[PDB]
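**Student:** Got a structure for you, entry.txt, holding compact mmCIF, C-alpha atoms and all ligand atoms.
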# COMPACT_ATOMS: atom_id res chain seq x y z
CA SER A 1 -10.87 26.38 -9.43
CA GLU A 2 -9.40 23.40 -7.56
CA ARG A 3 -8.00 20.43 -9.48
CA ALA A 4 -6.30 17.15 -8.53
CA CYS A 5 -3.26 15.57 -10.20
CA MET A 6 -4.20 12.19 -11.70
CA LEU A 7 -0.69 10.80 -11.07
CA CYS A 8 0.14 11.82 -7.48
CA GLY A 9 -3.33 12.86 -6.24
CA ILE A 10 -2.28 16.35 -5.06
CA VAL A 11 -4.94 19.05 -4.83
CA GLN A 12 -4.04 22.60 -5.88
CA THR A 13 -5.89 25.52 -7.42
CA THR A 14 -5.93 25.87 -11.22
CA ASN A 15 -3.76 28.98 -10.74
CA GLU A 16 -1.19 26.96 -8.75
CA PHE A 17 -0.96 24.18 -11.35
CA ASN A 18 -0.68 26.94 -14.00
CA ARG A 19 2.08 28.80 -12.15
CA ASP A 20 4.09 26.01 -10.56
CA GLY A 21 2.95 22.80 -12.26
CA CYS A 22 2.92 19.72 -10.07
CA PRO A 23 5.49 19.68 -7.23
CA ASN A 24 5.65 15.86 -7.38
CA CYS A 25 5.26 14.88 -11.05
CA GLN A 26 6.67 17.74 -13.15
CA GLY A 27 9.80 15.80 -14.21
CA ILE A 28 7.67 12.94 -15.50
CA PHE A 29 5.30 15.30 -17.36
CA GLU A 30 8.32 17.02 -18.94
CA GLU A 31 9.71 13.67 -20.15
CA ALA A 32 6.24 12.65 -21.39
CA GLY A 33 5.93 15.91 -23.37
CA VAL A 34 2.59 16.75 -21.74
CA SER A 35 1.22 19.79 -19.91
CA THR A 36 0.49 19.61 -16.18
CA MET A 37 -3.08 20.84 -16.81
CA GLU A 38 -4.09 17.86 -18.95
CA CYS A 39 -2.75 15.57 -16.19
CA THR A 40 -5.10 17.17 -13.64
CA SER A 41 -8.83 16.71 -13.06
CA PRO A 42 -11.59 19.04 -11.79
CA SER A 43 -13.44 15.97 -10.44
CA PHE A 44 -12.13 14.42 -7.21
CA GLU A 45 -13.29 13.23 -3.78
CA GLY A 46 -11.88 12.47 -0.33
CA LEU A 47 -9.74 15.35 0.89
CA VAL A 48 -6.56 14.29 2.67
CA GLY A 49 -4.48 16.75 4.68
CA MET A 50 -1.15 14.91 4.41
CA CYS A 51 1.22 16.06 7.15
CA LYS A 52 3.82 13.28 7.50
CA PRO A 53 3.99 11.26 4.23
CA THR A 54 6.94 9.06 5.30
CA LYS A 55 5.10 7.85 8.42
CA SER A 56 1.42 7.95 7.47
CA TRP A 57 -0.34 4.66 6.71
CA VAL A 58 -2.93 6.69 4.79
CA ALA A 59 -0.04 8.01 2.66
CA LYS A 60 1.27 4.49 2.18
CA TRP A 61 -2.12 3.18 1.03
CA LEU A 62 -2.66 6.16 -1.32
CA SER A 63 0.91 6.06 -2.75
CA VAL A 64 1.63 9.58 -1.53
CA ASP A 65 4.27 8.40 0.97
CA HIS A 66 7.11 9.52 -1.35
CA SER A 67 5.30 12.75 -2.25
CA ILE A 68 5.35 16.15 -0.51
CA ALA A 69 3.22 17.18 2.46
CA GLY A 70 0.02 18.87 1.25
CA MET A 71 -3.63 18.33 0.33
CA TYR A 72 -4.43 15.14 -1.59
CA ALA A 73 -7.53 13.41 -2.99
CA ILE A 74 -8.46 9.75 -2.45
CA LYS A 75 -10.38 9.43 -5.73
CA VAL A 76 -9.45 11.35 -8.88
CA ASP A 77 -11.67 10.91 -11.94
CA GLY A 78 -10.16 10.89 -15.41
CA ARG A 79 -7.62 9.19 -17.61
CA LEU A 80 -3.90 9.98 -17.45
CA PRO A 81 -2.41 10.62 -20.93
CA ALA A 82 -0.85 7.52 -22.53
CA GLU A 83 2.59 9.15 -22.88
CA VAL A 84 2.77 9.43 -19.08
CA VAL A 85 1.44 5.90 -18.45
CA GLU A 86 4.03 4.30 -20.79
CA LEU A 87 6.85 5.74 -18.62
CA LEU A 88 5.54 4.42 -15.30
CA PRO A 89 5.23 0.62 -14.81
CA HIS A 90 4.22 1.24 -11.18
CA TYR A 91 1.30 3.51 -12.14
CA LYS A 92 -2.08 2.41 -10.79
CA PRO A 93 -5.19 4.52 -11.58
CA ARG A 94 -6.58 6.84 -8.89
CA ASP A 95 -10.18 6.47 -10.14
CA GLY A 96 -10.72 2.92 -8.79
CA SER A 97 -9.99 1.16 -12.07
CA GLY A 98 -7.02 -1.08 -12.93
CA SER A 99 -7.81 -2.99 -9.68
CA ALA A 100 -6.58 -6.10 -7.76
CA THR A 101 -7.71 -9.38 -9.52
CA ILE A 102 -6.89 -12.25 -7.19
CA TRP A 103 -8.28 -15.75 -7.67
CA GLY A 104 -8.75 -18.27 -4.88
CA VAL A 105 -8.01 -21.68 -6.35
CA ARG A 106 -8.86 -24.91 -4.54
CA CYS A 107 -6.00 -27.33 -3.97
CA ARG A 108 -5.13 -30.46 -2.00
CA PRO A 109 -5.00 -29.58 1.73
CA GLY A 110 -1.38 -29.74 2.92
CA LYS A 111 0.14 -28.91 -0.48
CA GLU A 112 -0.34 -25.11 -0.37
CA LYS A 113 3.26 -24.05 0.40
CA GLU A 114 4.62 -26.73 -1.92
CA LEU A 115 2.45 -25.41 -4.75
CA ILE A 116 3.67 -21.82 -4.32
CA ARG A 117 7.25 -23.13 -4.55
CA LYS A 118 6.46 -25.22 -7.65
CA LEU A 119 4.48 -22.50 -9.46
CA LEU A 120 7.04 -19.75 -8.78
CA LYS A 121 9.64 -22.05 -10.36
CA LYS A 122 7.27 -22.79 -13.26
CA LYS A 123 6.73 -19.08 -14.04
CA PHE A 124 10.50 -18.45 -13.85
CA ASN A 125 11.06 -21.25 -16.39
CA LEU A 126 8.27 -19.98 -18.66
CA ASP A 127 9.82 -16.49 -18.75
CA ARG A 128 13.17 -18.00 -19.76
CA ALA A 129 11.55 -20.10 -22.51
CA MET A 130 8.88 -17.75 -23.92
CA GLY A 131 9.37 -14.66 -26.11
CA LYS A 132 8.33 -11.03 -25.56
CA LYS A 133 4.80 -11.82 -24.33
CA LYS A 134 4.87 -13.64 -20.97
CA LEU A 135 2.02 -15.29 -19.06
CA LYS A 136 0.40 -12.54 -17.02
CA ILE A 137 0.83 -14.21 -13.62
CA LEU A 138 1.68 -11.36 -11.24
CA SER A 139 1.94 -13.31 -7.99
CA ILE A 140 0.82 -16.44 -6.16
CA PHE A 141 0.42 -16.91 -2.39
CA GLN A 142 -0.91 -19.01 0.49
CA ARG A 143 -1.98 -18.43 4.08
CA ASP A 144 -1.42 -21.07 6.74
CA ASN A 145 -4.87 -20.46 8.27
CA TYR A 146 -6.63 -20.86 4.89
CA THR A 147 -5.99 -24.52 4.10
CA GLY A 148 -6.89 -26.17 0.79
CA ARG A 149 -6.55 -22.95 -1.24
CA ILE A 150 -3.87 -21.03 -3.10
CA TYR A 151 -4.30 -17.50 -4.42
CA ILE A 152 -3.24 -16.42 -7.89
CA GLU A 153 -3.02 -12.80 -9.00
CA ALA A 154 -3.76 -12.57 -12.73
CA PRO A 155 -6.09 -10.39 -14.84
CA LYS A 156 -8.04 -13.23 -16.47
CA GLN A 157 -9.32 -16.71 -15.62
CA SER A 158 -7.84 -18.08 -18.89
CA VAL A 159 -4.29 -17.14 -17.80
CA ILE A 160 -4.59 -19.08 -14.52
CA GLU A 161 -6.01 -22.16 -16.30
CA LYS A 162 -3.18 -22.02 -18.85
CA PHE A 163 -0.65 -21.68 -15.99
CA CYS A 164 -2.03 -24.47 -13.78
CA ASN A 165 -2.71 -26.98 -16.58
CA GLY A 166 -1.07 -30.34 -15.84
CA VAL A 167 0.03 -29.37 -12.33
CA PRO A 168 -0.90 -32.00 -9.69
CA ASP A 169 -2.80 -31.02 -6.52
CA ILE A 170 -4.30 -27.86 -8.08
CA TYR A 171 -8.06 -28.08 -8.54
CA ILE A 172 -8.19 -25.53 -11.34
CA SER A 173 -11.90 -25.98 -12.17
CA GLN A 174 -12.84 -24.79 -8.67
CA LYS A 175 -11.90 -21.13 -8.37
CA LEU A 176 -13.35 -17.79 -7.31
CA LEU A 177 -12.49 -14.17 -8.03
CA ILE A 178 -12.00 -12.78 -4.51
CA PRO A 179 -14.30 -9.80 -3.86
CA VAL A 180 -12.44 -6.61 -2.89
CA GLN A 181 -14.09 -6.61 0.58
CA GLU A 182 -12.46 -10.00 1.33
CA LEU A 183 -8.92 -8.96 0.26
CA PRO A 184 -7.91 -7.19 3.52
CA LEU A 185 -8.75 -10.29 5.58
CA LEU A 186 -6.65 -12.27 3.07
CA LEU A 187 -3.36 -10.36 3.32
CA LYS A 188 -3.31 -9.02 6.91
CA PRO A 189 -0.13 -10.18 8.73
CA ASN A 190 -2.02 -11.62 11.73
CA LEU A 191 -5.05 -13.82 11.02
CA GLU A 192 -7.79 -14.77 13.52
CA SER B 1 17.27 -23.62 6.86
CA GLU B 2 14.95 -21.00 5.33
CA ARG B 3 14.87 -17.46 6.72
CA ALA B 4 13.03 -14.24 5.82
CA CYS B 5 14.48 -10.73 5.69
CA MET B 6 12.75 -8.50 8.26
CA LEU B 7 13.19 -5.41 6.05
CA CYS B 8 12.10 -6.54 2.56
CA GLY B 9 10.35 -9.83 3.41
CA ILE B 10 12.38 -11.98 0.99
CA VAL B 11 12.69 -15.70 1.71
CA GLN B 12 16.02 -17.42 1.06
CA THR B 13 17.92 -20.33 2.58
CA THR B 14 20.39 -19.62 5.40
CA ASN B 15 23.15 -20.61 2.94
CA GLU B 16 21.91 -18.02 0.41
CA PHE B 17 21.80 -15.19 2.97
CA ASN B 18 25.28 -16.32 4.11
CA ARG B 19 26.70 -16.37 0.57
CA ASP B 20 24.94 -13.48 -1.12
CA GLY B 21 23.34 -11.45 1.68
CA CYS B 22 20.05 -9.80 0.83
CA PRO B 23 19.57 -8.86 -2.85
CA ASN B 24 17.29 -5.96 -1.85
CA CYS B 25 18.67 -4.55 1.42
CA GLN B 26 22.44 -5.18 1.44
CA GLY B 27 23.33 -1.50 0.88
CA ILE B 28 21.25 -0.45 3.87
CA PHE B 29 22.72 -3.20 6.09
CA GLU B 30 26.22 -2.10 5.04
CA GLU B 31 25.47 1.52 6.00
CA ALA B 32 23.88 0.35 9.27
CA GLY B 33 27.01 -1.69 10.12
CA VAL B 34 24.95 -4.86 10.66
CA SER B 35 25.14 -8.41 9.30
CA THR B 36 22.45 -9.70 6.96
CA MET B 37 21.88 -12.72 9.24
CA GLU B 38 20.77 -10.66 12.24
CA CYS B 39 18.31 -8.86 9.93
CA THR B 40 16.67 -12.18 8.98
CA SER B 41 14.23 -14.38 10.89
CA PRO B 42 13.63 -18.17 10.97
CA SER B 43 9.96 -17.47 11.84
CA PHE B 44 7.67 -16.35 9.00
CA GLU B 45 4.30 -17.11 7.40
CA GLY B 46 2.44 -16.55 4.13
CA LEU B 47 4.59 -17.57 1.18
CA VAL B 48 4.38 -15.23 -1.80
CA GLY B 49 5.77 -16.19 -5.19
CA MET B 50 6.36 -12.66 -6.50
CA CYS B 51 6.61 -12.68 -10.30
CA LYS B 52 5.87 -9.09 -11.41
CA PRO B 53 6.61 -6.68 -8.50
CA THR B 54 6.00 -3.48 -10.50
CA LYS B 55 2.47 -4.59 -11.47
CA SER B 56 1.32 -6.77 -8.57
CA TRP B 57 -1.19 -5.31 -6.10
CA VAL B 58 0.01 -7.95 -3.61
CA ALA B 59 3.52 -6.51 -4.06
CA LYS B 60 2.18 -3.00 -3.57
CA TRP B 61 0.39 -3.92 -0.34
CA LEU B 62 3.44 -5.82 1.00
CA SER B 63 5.96 -3.09 -0.01
CA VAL B 64 7.83 -5.49 -2.28
CA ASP B 65 6.86 -3.59 -5.45
CA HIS B 66 10.34 -1.99 -5.67
CA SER B 67 12.07 -5.26 -4.74
CA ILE B 68 13.24 -8.13 -6.96
CA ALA B 69 11.09 -11.00 -8.22
CA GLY B 70 11.35 -13.96 -5.83
CA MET B 71 9.79 -15.67 -2.81
CA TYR B 72 8.50 -13.38 -0.04
CA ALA B 73 6.73 -13.75 3.31
CA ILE B 74 3.62 -11.84 4.40
CA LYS B 75 4.44 -12.00 8.12
CA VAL B 76 8.00 -11.98 9.46
CA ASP B 77 8.47 -12.29 13.22
CA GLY B 78 11.26 -10.41 14.96
CA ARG B 79 12.71 -6.99 15.56
CA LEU B 80 14.92 -5.23 13.02
CA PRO B 81 18.13 -3.84 14.61
CA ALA B 82 17.85 -0.18 15.69
CA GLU B 83 20.77 0.93 13.49
CA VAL B 84 18.77 -0.13 10.41
CA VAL B 85 15.48 1.40 11.64
CA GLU B 86 17.11 4.82 12.28
CA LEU B 87 18.10 5.03 8.59
CA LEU B 88 14.64 4.29 7.18
CA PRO B 89 11.76 6.71 7.97
CA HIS B 90 9.51 4.68 5.65
CA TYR B 91 10.12 1.42 7.55
CA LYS B 92 6.98 -0.30 8.81
CA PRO B 93 7.29 -3.61 10.73
CA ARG B 94 6.50 -6.87 8.92
CA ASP B 95 5.27 -8.59 12.11
CA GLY B 96 1.93 -6.72 12.32
CA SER B 97 3.12 -4.13 14.84
CA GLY B 98 3.63 -0.38 14.29
CA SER B 99 0.09 -0.35 12.79
CA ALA B 100 -2.46 2.20 11.40
CA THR B 101 -4.05 4.30 14.25
CA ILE B 102 -6.88 6.31 12.73
CA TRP B 103 -9.51 8.07 14.83
CA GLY B 104 -13.02 8.88 13.64
CA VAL B 105 -13.97 12.19 15.19
CA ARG B 106 -17.53 13.52 15.15
CA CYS B 107 -18.04 16.96 13.64
CA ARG B 108 -20.80 19.27 12.42
CA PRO B 109 -22.39 17.75 9.29
CA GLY B 110 -21.45 19.88 6.26
CA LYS B 111 -18.16 21.13 7.73
CA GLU B 112 -16.03 18.04 6.95
CA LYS B 113 -14.07 19.39 3.95
CA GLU B 114 -13.74 22.80 5.58
CA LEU B 115 -12.26 21.18 8.70
CA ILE B 116 -9.62 19.25 6.71
CA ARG B 117 -8.59 22.55 5.09
CA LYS B 118 -8.46 24.36 8.45
CA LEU B 119 -6.60 21.59 10.31
CA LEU B 120 -4.01 21.06 7.56
CA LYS B 121 -3.28 24.79 7.80
CA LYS B 122 -3.17 24.56 11.61
CA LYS B 123 -0.58 21.74 11.57
CA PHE B 124 1.53 23.64 9.01
CA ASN B 125 1.52 26.68 11.33
CA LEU B 126 2.34 24.56 14.39
CA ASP B 127 5.38 23.05 12.64
CA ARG B 128 6.63 26.55 11.80
CA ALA B 129 6.15 27.74 15.39
CA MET B 130 7.20 24.69 17.45
CA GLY B 131 10.72 23.33 18.03
CA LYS B 132 12.22 19.90 17.29
CA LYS B 133 9.27 17.90 18.68
CA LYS B 134 6.14 18.39 16.55
CA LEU B 135 2.56 17.27 17.22
CA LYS B 136 2.32 13.71 15.93
CA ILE B 137 -0.57 14.32 13.52
CA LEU B 138 0.25 12.19 10.47
CA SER B 139 -2.82 12.93 8.34
CA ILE B 140 -6.45 14.01 8.42
CA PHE B 141 -9.20 13.12 5.92
CA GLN B 142 -12.91 13.05 5.07
CA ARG B 143 -15.19 11.02 2.83
CA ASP B 144 -18.21 12.60 1.15
CA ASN B 145 -20.39 9.55 1.90
CA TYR B 146 -19.49 9.59 5.61
CA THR B 147 -21.04 12.85 6.78
CA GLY B 148 -20.56 14.32 10.26
CA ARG B 149 -17.12 12.73 10.76
CA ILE B 150 -13.49 13.54 10.09
CA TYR B 151 -10.65 11.05 10.44
CA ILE B 152 -7.37 11.84 12.16
CA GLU B 153 -4.29 9.65 11.93
CA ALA B 154 -2.27 9.97 15.15
CA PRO B 155 -0.75 7.43 17.59
CA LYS B 156 -2.53 8.67 20.72
CA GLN B 157 -5.88 10.15 21.74
CA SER B 158 -4.10 12.93 23.69
CA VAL B 159 -2.43 14.24 20.51
CA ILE B 160 -5.77 14.61 18.69
CA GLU B 161 -7.37 16.38 21.68
CA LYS B 162 -4.39 18.75 21.89
CA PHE B 163 -4.65 19.39 18.12
CA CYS B 164 -8.43 19.95 17.99
CA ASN B 165 -8.70 22.05 21.17
CA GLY B 166 -10.49 25.35 20.50
CA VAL B 167 -11.43 24.44 16.92
CA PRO B 168 -15.14 25.08 16.14
CA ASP B 169 -17.32 22.33 14.62
CA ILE B 170 -15.10 19.49 15.88
CA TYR B 171 -16.79 17.35 18.53
CA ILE B 172 -13.54 16.15 20.08
CA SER B 173 -15.13 14.31 23.04
CA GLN B 174 -16.91 11.95 20.63
CA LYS B 175 -14.29 9.82 18.91
CA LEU B 176 -13.48 6.21 18.10
CA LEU B 177 -10.32 4.32 17.20
CA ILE B 178 -11.29 2.72 13.88
CA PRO B 179 -10.89 -1.07 13.99
CA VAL B 180 -8.53 -2.44 11.32
CA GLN B 181 -11.39 -4.39 9.67
CA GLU B 182 -13.22 -1.09 9.00
CA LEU B 183 -10.20 0.70 7.44
CA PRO B 184 -10.53 -0.77 3.90
CA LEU B 185 -14.15 0.41 3.64
CA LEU B 186 -12.91 3.82 4.79
CA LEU B 187 -10.24 4.49 2.15
CA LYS B 188 -11.50 2.62 -0.95
CA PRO B 189 -11.79 5.04 -3.94
CA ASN B 190 -15.42 4.09 -4.72
CA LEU B 191 -17.87 3.92 -1.80
CA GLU B 192 -21.29 2.21 -1.82
ZN ZN C 201 1.33 15.11 -9.58
ZN ZN C 202 16.04 -7.62 2.59
Let's see the structure in the file written out as structure tokens.
**Tutor:**
Amino acid sequence: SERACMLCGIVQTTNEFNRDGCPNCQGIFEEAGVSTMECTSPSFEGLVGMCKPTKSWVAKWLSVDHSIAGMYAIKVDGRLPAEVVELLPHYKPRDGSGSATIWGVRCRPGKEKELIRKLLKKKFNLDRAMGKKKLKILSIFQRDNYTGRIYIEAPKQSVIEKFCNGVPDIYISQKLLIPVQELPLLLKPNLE
Amino acid sequence: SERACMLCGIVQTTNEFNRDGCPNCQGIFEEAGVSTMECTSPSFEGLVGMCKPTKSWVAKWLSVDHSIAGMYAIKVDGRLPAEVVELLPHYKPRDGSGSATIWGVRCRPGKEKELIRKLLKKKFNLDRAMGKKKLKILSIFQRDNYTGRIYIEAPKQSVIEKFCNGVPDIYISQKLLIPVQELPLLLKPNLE
């Protein structure tokens, strides 16, 4: 009789979703023209008693930090209806899919920061020049401790190659999709 | 001449902060009665060319996903003025401090989900009964694959012991502060 909301992750009984809808997402569901029930799933895992959403790091990582105190699920199986998804650019699936795709690209040691500056400017100029469809470069970054590499967030290898073509000091043919298990060590504020 | 905003992480020249303030945080700084300059730091690391904040996982993890496209820093040294901090419950320091404190607590195998339900209810009842100062229990959670343990987010060991006292099936004297490097494997939607 328990179900979890695919948008916010909240766990309530079927009766509660039927009576009250979702305490977090109801406005969005109303605008989407969808029922709360079809936005919920009977299949979920990882119960979270969320007591202080504004302070909790768990809440931050699960995107429940702007949601109400209550019971949440870490993993919710199922696909949110398209009419909800099209309203929410920030939506990221709670089933594990739609994941981080970050590519480590080899570059000339000592040029890492310079390259981030140059490529950010390049993307800005491409957006100004191109039409409706932009190059899907989401972000680019470097870490001082990881010399000779820059990191490019983009869904496909082809996009990065298209983006880096003709740019000096980028060794575009030497790249690696960073495994998820390596990502935390990559973006933690204090390294080593 | 470059500085990074301690609140949003944005990197701009001193001149740019002087002219335009912070494009993200100026409203908050105005309400706080503080200058933009004293909310910025000359000491920062990890340049991020942020191109698509609403879509980027990097942006999500750095809390720049609701900020403007631009250059950001992963680590910003320095202390945000108190009059800014007191306005923002969601504020988490960009220097590495104010970190996730999650305790793995041993429990009777098979009672994990039950305990999350019971403890969430306990905290709710304590908030209703207690005065201004509440028990600093931020969240509690379990993972199906990690049997015989529950996880409690709280700043101090004493708080957890106070919270779990007299609760059956919790083995409160057997606990461990989870190292940061183990946290990603703990909260990832799909385990093993
Ligand atoms: Zn919801
Ligand atoms: Zn700012």
**Student:** Between CA of residue 28 in chain A and CA of residue 41 in chain A, what is the distance in Å, rounded to a tenth?
**Tutor:**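 Atom-to-atom, CA of residue 28 in chain A to CA of residue 41 in chain A, that is 17.1 Å.
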**Student:** Write out as a compact mmCIF listing (two decimals) with C-alpha atoms, keeping the file's coordinate frame which residues come within 10 Å of residue 58 in chain B when counting only C-alpha atoms, dropping same-chain ones fewer than 3 positions away.
**Tutor:**
# COMPACT_ATOMS: atom_id res chain seq x y z
CA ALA A 100 -6.58 -6.10 -7.76
CA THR A 101 -7.71 -9.38 -9.52
CA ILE A 102 -6.89 -12.25 -7.19
CA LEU A 138 1.68 -11.36 -11.24
CA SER A 139 1.94 -13.31 -7.99
CA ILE A 140 0.82 -16.44 -6.16
CA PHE A 141 0.42 -16.91 -2.39
CA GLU A 153 -3.02 -12.80 -9.00
CA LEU A 183 -8.92 -8.96 0.26
CA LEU A 187 -3.36 -10.36 3.32
CA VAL B 48 4.38 -15.23 -1.80
CA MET B 50 6.36 -12.66 -6.50
CA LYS B 52 5.87 -9.09 -11.41
CA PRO B 53 6.61 -6.68 -8.50
CA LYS B 55 2.47 -4.59 -11.47
CA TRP B 61 0.39 -3.92 -0.34
CA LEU B 62 3.44 -5.82 1.00
CA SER B 63 5.96 -3.09 -0.01
CA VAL B 64 7.83 -5.49 -2.28
CA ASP B 65 6.86 -3.59 -5.45
CA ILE B 74 3.62 -11.84 4.40
**Student:** Can you pull out every residue with an atom within 7 Å of ligand ZN 202 (chain C)? Use all atoms listed in the file and format it as a ChimeraX atom specification.
**Tutor:** /B:5-10,22-26
**Student:** For CA of residue 126 in chain B and CA of residue 168 in chain B, determine how far apart the two atoms are, in Å to one decimal place.
**Tutor:** 17.6 Å
**Student:** Can you measure CA of residue 98 in chain A to CA of residue 132 in chain A for me? One decimal in Å is fine.
**Tutor:**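 Straight-line distance from CA of residue 98 in chain A to CA of residue 132 in chain A works out to 22.2 Å.
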**Student:** If you count only C-alpha atoms, which residues fall within 9 Å of residue 39 in chain B, apart from same-chain ones fewer than 4 positions away, as an mmCIF file with C-alpha atoms, in the coordinates of the input?
**Tutor:**
data_model
loop_
_atom_site.group_PDB
_atom_site.id
_atom_site.type_symbol
_atom_site.label_atom_id
_atom_site.label_comp_id
_atom_site.auth_asym_id
_atom_site.auth_seq_id
_atom_site.Cartn_x
_atom_site.Cartn_y
_atom_site.Cartn_z
ATOM 1 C CA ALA B 4 13.030 -14.240 5.820
ATOM 2 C CA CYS B 5 14.480 -10.730 5.690
ATOM 3 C CA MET B 6 12.750 -8.500 8.260
ATOM 4 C CA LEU B 7 13.190 -5.410 6.050
ATOM 5 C CA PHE B 29 22.720 -3.200 6.090
ATOM 6 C CA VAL B 34 24.950 -4.860 10.660
ATOM 7 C CA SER B 35 25.140 -8.410 9.300
ATOM 8 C CA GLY B 78 11.260 -10.410 14.960
ATOM 9 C CA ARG B 79 12.710 -6.990 15.560
ATOM 10 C CA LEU B 80 14.920 -5.230 13.020
ATOM 11 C CA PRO B 81 18.130 -3.840 14.610
ATOM 12 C CA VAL B 84 18.770 -0.130 10.410
#
**Student:** Compare B:104, B:46, B:33, B:27 by their minimum atom-to-atom distance to chain A, counting all atoms listed in the file, and give me the closest one.
**Tutor:**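 Among the listed residues, B:46 lies closest to chain A.
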**Student:** Nearest to chain A among B:133, B:19, B:92, B:143, with distances taken over only C-alpha atoms: which residue is it?
**Tutor:**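 Between B:133, B:19, B:92, B:143, the residue approaching chain A most closely is B:143.
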**Student:** Show me, as a PyMOL selection string, the residues that have an atom within 10 Å of residue 146 in chain B when counting all atoms listed in the file, minus same-chain residues fewer than 5 positions from it.
**Tutor:** chain B and resi 109+112+186+191
**Student:** Quick one: of A:145, A:125, A:36, A:15, who's nearest to ligand ZN 201 (chain C), counting all atoms listed in the file?
**Tutor:**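 Checking each of A:145, A:125, A:36, A:15 against ligand ZN 201 (chain C), counting all atoms listed in the file, the winner is A:36.
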**Student:** First collect every listed atom of range 136-154 of chain A; then fit an axis-aligned box around them, widen it by 3 Å on each side, and give centre and edge lengths in Å to one decimal, as AutoDock Vina command-line options.
**Tutor:**
--center_x -2.5 --center_y -18.8 --center_z -4.4 --size_x 14.8 --size_y 20.8 --size_z 31.3
**Student:** Could you check the closest approach to chain A for each of B:156, B:60, B:66, B:75 and tell me which residue wins, using all atoms listed in the file?
**Tutor:**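 Comparing B:156, B:60, B:66, B:75 against chain A, the winner is B:75.
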